[PDB]
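Everything on this sheet refers to the single structure shown next.
All chains are named by letter (A, B, ...) in the order of the sequence lines, taking the proteins before the strands, and each is independently numbered beginning at 1. Side chains included, hydrogens not; waters and symmetry mates left out as well; all remaining heavy atoms used.
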Amino acid sequence: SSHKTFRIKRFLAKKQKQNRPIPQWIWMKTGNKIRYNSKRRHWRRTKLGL
Amino acid sequence: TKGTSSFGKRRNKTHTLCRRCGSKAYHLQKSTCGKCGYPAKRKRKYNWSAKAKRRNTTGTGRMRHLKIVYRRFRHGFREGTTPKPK
Amino acid sequence: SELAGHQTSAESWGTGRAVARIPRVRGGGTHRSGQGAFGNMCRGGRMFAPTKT
Amino acid sequence: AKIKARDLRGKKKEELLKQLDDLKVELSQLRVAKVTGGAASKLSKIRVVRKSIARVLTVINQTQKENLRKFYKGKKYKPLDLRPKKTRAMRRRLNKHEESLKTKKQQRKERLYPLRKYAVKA
Amino acid sequence: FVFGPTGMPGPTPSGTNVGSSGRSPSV
Amino acid sequence: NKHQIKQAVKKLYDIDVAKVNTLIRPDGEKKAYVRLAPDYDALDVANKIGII
Amino acid sequence: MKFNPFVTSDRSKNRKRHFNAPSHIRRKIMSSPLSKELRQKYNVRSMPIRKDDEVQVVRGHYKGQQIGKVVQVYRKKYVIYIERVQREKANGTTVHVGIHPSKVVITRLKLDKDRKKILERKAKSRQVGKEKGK
RNA sequence: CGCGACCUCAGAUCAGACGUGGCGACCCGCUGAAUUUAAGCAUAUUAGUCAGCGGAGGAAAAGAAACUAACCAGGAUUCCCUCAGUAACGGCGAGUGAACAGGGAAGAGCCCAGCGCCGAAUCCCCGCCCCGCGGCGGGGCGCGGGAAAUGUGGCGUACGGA
RNA sequence: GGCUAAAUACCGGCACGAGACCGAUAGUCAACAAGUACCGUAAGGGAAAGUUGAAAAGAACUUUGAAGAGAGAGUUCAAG
RNA sequence: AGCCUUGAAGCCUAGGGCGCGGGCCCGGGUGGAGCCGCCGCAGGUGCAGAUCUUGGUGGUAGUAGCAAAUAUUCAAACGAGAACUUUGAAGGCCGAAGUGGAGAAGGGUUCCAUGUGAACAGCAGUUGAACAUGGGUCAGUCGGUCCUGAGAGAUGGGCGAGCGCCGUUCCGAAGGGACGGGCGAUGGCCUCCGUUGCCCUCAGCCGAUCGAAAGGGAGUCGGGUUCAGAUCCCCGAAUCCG
RNA sequence: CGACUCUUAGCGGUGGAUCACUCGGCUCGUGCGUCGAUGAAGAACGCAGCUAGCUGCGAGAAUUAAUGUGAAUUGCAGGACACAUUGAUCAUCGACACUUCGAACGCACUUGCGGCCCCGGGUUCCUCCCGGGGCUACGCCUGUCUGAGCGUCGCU
Ligand SMILES: [Mg+2]
Ligand SMILES: [Mg+2]
Ligand SMILES: [Mg+2]
Ligand SMILES: [Mg+2]
Ligand SMILES: [Mg+2]
Ligand SMILES: [Mg+2]
Ligand SMILES: [Mg+2]
Ligand SMILES: [Mg+2]
Ligand SMILES: [Mg+2]
Ligand SMILES: [Mg+2]
Ligand SMILES: [Mg+2]
Ligand SMILES: [Mg+2]
Ligand SMILES: [Mg+2]
Ligand SMILES: [Mg+2]
Ligand SMILES: [Mg+2]
Ligand SMILES: [Mg+2]
Ligand SMILES: [Mg+2]
Ligand SMILES: [Mg+2]
Ligand SMILES: [Mg+2]
Ligand SMILES: [Mg+2]
Ligand SMILES: [Mg+2]
Ligand SMILES: [Mg+2]
Ligand SMILES: [Mg+2]
Ligand SMILES: [Mg+2]
Ligand SMILES: [Mg+2]
Ligand SMILES: [Mg+2]
Ligand SMILES: [Mg+2]
Ligand SMILES: [Mg+2]
Ligand SMILES: [Mg+2]
Ligand SMILES: [Mg+2]
Ligand SMILES: [Mg+2]
Ligand SMILES: [Mg+2]
Ligand SMILES: [Mg+2]
Ligand SMILES: [Mg+2]
Ligand SMILES: [Mg+2]
Ligand SMILES: [Mg+2]
Ligand SMILES: [Mg+2]
Ligand SMILES: [Mg+2]
Ligand SMILES: [Mg+2]
Ligand SMILES: [Mg+2]
Ligand SMILES: [Mg+2]
Ligand SMILES: [Mg+2]
Ligand SMILES: [Mg+2]
Ligand SMILES: [Mg+2]
Ligand SMILES: [Mg+2]
Ligand SMILES: [Mg+2]
Ligand SMILES: [Mg+2]
Ligand SMILES: [Mg+2]
Ligand SMILES: [Zn+2]
């Protein structure tokens, strides 16, 4: 809702920032195995629970 | 109408995040955490759930201070000294 | 280990649901839910007569 | 022109504060450069000026604590942070003097009947 | 110089359901 | 807070502040809308800071 | 045969401590034998490899009598890069080929105060052993 | 009425301390089932076990006989072997079930109250001086404060002691 | 009324050594960004997932196509 | 003194054979690094089944189907590509208890601009709430914040092996305040007033605390402004509280 | 004829068995056997030039100092007048530091309200405003101070 607590708005903001693709220079790192961000979240497909 | 139709009425949260254990198990009407038992001073812990005890025991977290103790112990918790300067 | 195969709360669905009566993993939302458990014929279960020290 | 802790050791508190102020002003300018199209050289300087800030603050904090320890050396009561840490259980032990104490009854017994050094012929 | 990968997770389904849409009773 | 923002802006850049408006962004950062006194030109000040 | 109870001969432990070795340990692991001339001159057998050393490749496709300067010690990948020990990519650009230090021989050493200290220490410990046997 | 002792009891962001929570494999104190076996089952068994609660330490607990014995006697506690699936318990069914002696691991013994004698000979804290000072102590000096005769300290405790 | 080391215990912790053990549906649930992703209001439940090559030398360039894709060419002992 | 980069295991084979059989040998191919015979030892040691476990794949099958709520058509544009996108024009529908304009709860960036057309949007797409790159939420006056409500909940006390529980004025020395007066101490625009310490005097509240974005609760309106914000920004005119 | 179908074989797919590898487990053994109001375990939010996760760290934030070491780190860039008694890096770790909640401590748990003392800036001695700093929880022991009682008394 628009009516929000500071603690909830701060939790949501951190979930916003984690929800990005990995930098593409991570790919060239020497021992890298990560291909993509496997922890991407979609606001419609899966819900935060809070 | 106990199935699909009733699932549309649920828009009131029972629990919220807990200030102690950070899990969304803080009952708002009872002011109690279903997970850690906050505001009880002692932590909620039972032996009928070994899996639950290993999800939040010492070691699973950051060990911010305990792991420096483990390092200090190996030198007898020496204090007030430094290696001899160059 | 004496825990291998047993660190789950699997329970048999019982007859009537068109599946074998092996105890099955509870809950949902993951590949593990509804799979066989415990028995020695199951992937991820407990072996027959676990070896003892 | 780099900041090394060895250089700052003898400097007075006022110089370090002034030296700290120059670094903090410099960092603020760099963070402006970070968003207004600064060169790669200016971006790389951010980490250098941050650790320079940490060095000065480290020397100010250390210089202060050494003087505080000298100030409180002969005092009976010291600030909790100047008392030895050890562990909580070690701070509650009987200290060296208390553990060595003995009753006069025990002292007399040890004087009169000391353990002897002997041997038994084969 | 690689920018091809993509991916998106979602809940894993579960088919623990029962129909039971009949009864005789025909004692 | 707004009082702290106002005093920092005055001392950092030696300008005068008429008022301050603040919001917290959806990414968690706080944005300050600092209005200068009518005798200061923000465009001139922005040049000194390096914004423009 | 090894008798030290506190040294592991476990294969998994010895490989894990090789591939997770810290930078200052990888330096020691990344050691090269000295030429016959250098070995005689200093009484040292091996030195850790260093940038600006001059080496001969004695194994692999690039082996030969050519002496090149060490241009990069890539301790993370456990290889060094050597002048002229290189190949071309598809787009024609030249790229260095990594050689393990154990497969080169140091013909000239990059000498500084610390290197002269390390050579001295190695030569002295050697003589102590020779007199011990003698 | 006032003043002053004591006693009992209060309030202090009074000076200086200490407890709380965690972990919990092992340890101590409680509380404590039912699946199960008995081819049924209620005593019994499961089992003083699971679960529950409290408290610790590097170990804990125990421990220097109100003991064992009945011998030509042994001699704190703990552990190992054996005693012994034994004596005993038990719808005397199912089942349960120790100890002493003997051989080893280890080995260590002590302290009060009391009864008495010593001029309270005892203790805590504050202030000053010397020493030390990241385990806050040693010595000296205060007609400094308090505790304590409703009993501190030294001698002494069943092997006797003065 | 009271104190007391040792021999004893130790699936937690710190640091180590070994094995007639298992070998990626095995062995810990977890060899990997695993108590993770995901499910549940919650107590809780809880996976899948190892391997290019000696070395990235990871296929420049030409050509058809909007592109994905192809045809040549090239690297490699091998892209069979 | 077995085999093996002059090619191990594994795998494939209308190749040649052996054995009653369990099986095994050799040839050829692929493969790329280890393996086997014999005497003994050991076992988590032999699958067709268990509505067996886990993973994979079939026929069914280009099949059921993509049929609730009246409806589309013409031209042009961009573009490789148009039944579905955009613009224009027609024909229709919702018909102010709306398919309109705004909120609460819930969501949490889905909002806005630009780009893509791999995957997804059960046809397609030049499009999307998808993906990618960047932006966007401004207050004394609008809410929270304060009050108490039903209720919840410490302390005193009681109970309790115990974690604790009951209880909310009940087994309580429950006031740390004040007009004023008297004794002092400090300061300053040192004149005399403040502040400050003590004493005197006076004193019911009688229950800590929490509890409502719909109850109580002072006070902001008009105009303009953005891609996305505005009773919040700017212009103008006000007002409450201290 | 030719489809279609069946069998076998080559080749190609789909699939991921097998085999070989193992920085992982499992089991046994050894030594040590250390948390916290000096604020633990745990949780939250932050911190990198480019950084989502893991990892590490705490506004000194992928770390400061010191000591050892002795020329790197590295995916790209850069080089602070970074670079050899002007010490890269890694390691060790004794100095310093260490945001919010949490036994969690001014009261509450919304980033809500305070109170006392000191300091700095507005102002202009006080006030008033803003900012900074230090305190302000429960129990409990020793002592201190201030008290209470038709408790026991003594002198008045
Ligand atoms: Mg939904
Ligand atoms: Mg409710
Ligand atoms: Mg298993
Ligand atoms: Mg005595
Ligand atoms: Mg005090
Ligand atoms: Mg029965
Ligand atoms: Mg039966
Ligand atoms: Mg029965
Ligand atoms: Mg019974
Ligand atoms: Mg019993
Ligand atoms: Mg139990
Ligand atoms: Mg407990
Ligand atoms: Mg405890
Ligand atoms: Mg301990
Ligand atoms: Mg006893
Ligand atoms: Mg004995
Ligand atoms: Mg017998
Ligand atoms: Mg029994
Ligand atoms: Mg005996
Ligand atoms: Mg013995
Ligand atoms: Mg006596
Ligand atoms: Mg006795
Ligand atoms: Mg005892
Ligand atoms: Mg696997
Ligand atoms: Mg597995
Ligand atoms: Mg598999
Ligand atoms: Mg296998
Ligand atoms: Mg698996
Ligand atoms: Mg494989
Ligand atoms: Mg091949
Ligand atoms: Mg065939
Ligand atoms: Mg190979
Ligand atoms: Mg086996
Ligand atoms: Mg099989
Ligand atoms: Mg089978
Ligand atoms: Mg059809
Ligand atoms: Mg609407
Ligand atoms: Mg609208
Ligand atoms: Mg489609
Ligand atoms: Mg949109
Ligand atoms: Mg209550
Ligand atoms: Mg309220
Ligand atoms: Mg309200
Ligand atoms: Mg206004
Ligand atoms: Mg980041
Ligand atoms: Mg350093
Ligand atoms: Mg260094
Ligand atoms: Mg509220
Ligand atoms: Zn909680």
| message | Is it the case that atom NZ in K67(B) sees more than 12 heavy atoms from other parts of the structure closer than 6.0 Å? | response | yes
| said: North or south for the sugar of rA73(I)? Use the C1'-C2'-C3'-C4' sign convention, positive meaning north. | reply: north
| query | So what does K103(G) touch, heavy atoms closer than 4.0 Å: a base, only the sugar-phosphate, or nothing? | reply | nothing
| query | Under a 3.5 Å limit on both distances, do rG88(J) and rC170(J) form a Watson-Crick or G-U wobble pair? | reply | no
| Closest to the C42(C) side chain, choosing from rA42(I), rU53(J), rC131(J) | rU53(J)
| field | Distance-only donor-acceptor test (3.5 Å): side chain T30(C), base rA37(I) | value | yes
| Side-chain donor or acceptor of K11(F) under 3.5 Å from a matching atom on the base of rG131(K)? | no
| task | Assign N56(B) to base, sugar-phosphate, or nothing according to its heavy-atom contacts below 4.0 angstrom with the strands shown. | result | sugar-phosphate
| request: May I ask you to say what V59(D) touches in the nucleic acid, namely base, sugar-phosphate or nothing, with a heavy-atom cut-off under 4.0 Å? | output: nothing
| Just checking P26(F): base, sugar-phosphate only, or nothing, at a heavy-atom cut-off of under 4.0 Å? | base
| query | Watson-Crick or G-U wobble partner for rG32(J), using a 3.5 Å limit on both distances? | reply | none
| Is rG151(K) base-paired to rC23(K), counting Watson-Crick or G-U wobble with both distances below 3.5 Å? | no
| message | Given the structure, check if the side chain of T15(C) and the base of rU51(J) hold any donor-acceptor pair shorter than 3.5 Å. | response | yes
| More than 12 non-hydrogen atoms from neighbouring residues, nucleotides or ligands closer than 6.0 Å to CZ on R83(D), yes or no? | yes
| said: Taking any heavy-atom pair under 4.0 Å as a contact, classify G80(B): base, sugar-phosphate, or nothing. | reply: base
| request: Tell me whether the OP1 or OP2 atom of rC234(J) has a side-chain N or O from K19(F) closer than 4.0 Å. | output: yes
| request: Name the nucleic acid region contacted by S49(B), choosing base, sugar-phosphate or nothing; use a 4.0 angstrom heavy-atom cut-off, strictly under. | output: sugar-phosphate
| query | Using the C1'-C2'-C3'-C4' sign, is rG16(K) on the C3'-endo (north) or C2'-endo (south) side? | reply | south
| query | If we require both distances under 3.5 Å, is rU168(J) with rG56(J) a Watson-Crick or G-U wobble pair? | reply | no
| message | So for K42(D) and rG79(K), does any side-chain atom that can act as donor or acceptor lie under 3.5 Å from a complementary atom in the base? | response | no
| Tell me, which of residues 73-103 of chain D have any heavy atom that sits under 4.0 Å from an atom in RNA chain H? | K73(D), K75(D), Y77(D), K78(D), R83(D), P84(D), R88(D), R92(D), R93(D), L94(D), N95(D), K96(D), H97(D), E99(D)
| Between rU99(K), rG136(J), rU137(J), which nucleotide gets closest to the side-chain atoms of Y33(F)? | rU137(J)
| field | Consecutive bases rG151(J), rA152(J) stacked per 5.5 Å and 30° rule | value | yes
| Reckon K34(D) touches a base, only the sugar-phosphate, or nothing at all at heavy-atom distances under 4.0 Å? | sugar-phosphate
| Can you tell which of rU51(K), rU67(K), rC138(J) lies closest to the side chain of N21(F)? | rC138(J)
| request: Answer yes or no: side-chain N or O of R26(C) and base N or O of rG40(I) forming a donor-acceptor pair under 3.5 Å. | output: no
| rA39(H) sugar pucker (north/south) via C1'-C2'-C3'-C4' | south
| Closest listed nucleotide, where the reference is the side chain of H3(A) and the choices are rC52(J), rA104(J), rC90(K) | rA104(J)
| Would the bases of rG101(J) and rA102(J) meet the stacking rule of centres under 5.5 angstrom and planes under 30°? | yes
| query | Is it true that the side chains of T16(E) and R17(C) contain a donor and an acceptor less than 3.5 Å apart? | reply | yes
| task | Using a 4.0 Å heavy-atom cut-off across all strands, classify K15(A) as base, sugar-phosphate, or nothing. | result | nothing
| So what does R35(F) touch, heavy atoms closer than 4.0 Å: a base, only the sugar-phosphate, or nothing? | sugar-phosphate
| note | Ranking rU137(J), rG44(I), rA18(I) by distance to the side chain of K35(B), first place goes to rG44(I)
| Hey, does the side-chain of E2(C) have a donor or acceptor N/O within less than 3.5 Å of a partner on the base of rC11(I)? | yes
| base_contact_polar (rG70(K) base, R115(G) side chain, donor-acceptor, <3.5 Å) | no
| said: Should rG217(J) be tagged north or south? The rule is the sign of the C1'-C2'-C3'-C4' torsion. | reply: north
| Watson-Crick or G-U wobble, both distances under 3.5 angstrom: are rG49(K) and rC76(K) paired? | yes
| query | Which part of the nucleic acid does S41(D) contact within heavy-atom distance under 4.0 Å: base, sugar-phosphate only, or nothing? | reply | base
Would you mind writing out the side-chain donor-acceptor pairs for residues 43-57 of chain D within the sub-3.5 Å range, not counting sequence neighbours?
residue	atom	partner	partner atom	Å
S44(D)	OG	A40(D)	O	3.0
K45(D)	NZ	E26(D)	OE2	2.9
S52(D)	OG	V48(D)	O	2.9
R55(D)	NE	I3(D)	O	2.9

| request: With heavy atoms under 4.0 Å as the rule, sort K2(G) into base, sugar-phosphate or nothing. | output: sugar-phosphate
| query | Which heavy atom of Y78(G) sits nearest a heavy atom of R26(G), and at what distance? | reply | CE1-NH1, 3.1 Å
| query | Going by Watson-Crick or G-U wobble geometry, both distances under 3.5 Å, is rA15(H) a partner of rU142(K)? | reply | yes
| Which of the following nucleotides, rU53(J), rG131(K), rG44(J), is nearest to the side chain of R24(C)? | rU53(J)
| Taking N and O atoms by type only, does the side chain of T82(B) place a donor or acceptor under 3.5 Å from a partner on the base of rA95(K)? | no
| message | For the structure I just gave you, are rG106(K) and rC93(K) base-paired, Watson-Crick or wobble, with both distances less than 3.5 Å? | response | no
| query | Looking only at N and O atoms, is any donor in the side chain of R50(G) or the base of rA84(K) less than 3.5 Å from an acceptor on the other one? | reply | yes
| message | For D53(G) and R115(G): C-alpha separation, side-chain torsions, deciding distance, then whether salt bridge (charged side-chain N to carboxylate O under 4.0 Å, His left out) applies. | response | CA-CA 12 Å; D53(G) 279 347; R115(G) 217 94 190 281; 3.2 Å; yes
| request: Classify the side chain of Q7(C) and the base of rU28(I) as holding, or not holding, a donor-acceptor pair under 3.5 Å. | output: no
| task | Measure from the side chain of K41(B), starting at C-beta and using heavy atoms only, and say which of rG45(I), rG75(K), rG21(H) lies closest. | result | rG21(H)
| Sign of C1'-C2'-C3'-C4' at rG104(H): does that make it north or south? | north
| request: With heavy atoms under 4.0 Å as the rule, sort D10(G) into base, sugar-phosphate or nothing. | output: sugar-phosphate
| Does any N or O donor sit under 3.5 Å from an N or O acceptor when you compare the side chain of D112(G) with the base of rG70(K)? | no
| Any idea which of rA52(K), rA65(K), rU53(J) is nearest the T58(D) side chain? | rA65(K)
| When you measure from the side chain of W48(B), which nucleotide among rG94(K), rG24(H), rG44(I) comes out closest? | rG44(I)
| Counting any heavy atom closer than 4.0 Å, what does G4(E) reach on the DNA or RNA strands: base, sugar-phosphate only, or nothing? | nothing
| said: Counting only Watson-Crick and G-U wobble pairs whose two distances fall below 3.5 Å, is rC107(K) partnered with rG112(K)? | reply: yes
| task | Assess whether one donor atom and one acceptor atom, taken from the side chain of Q62(D) and the base of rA65(K), lie less than 3.5 Å apart. | result | no
| said: Is there, by distance only and without an angle test, a donor paired with an acceptor across the side chain of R10(A) and the base of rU99(K) below 3.5 Å? | reply: no
| request: Check whether the six-membered base rings of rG44(J) and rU45(J) have centres under 5.5 Å apart and planes under 30 degrees from each other. | output: no
| message | What's the closest nucleotide to the side chain of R11(G) if the choices are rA103(K), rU22(K), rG87(K)? | response | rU22(K)
| field | Check: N12(B) side chain, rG106(J) base, donor-acceptor under 3.5 Å | value | no
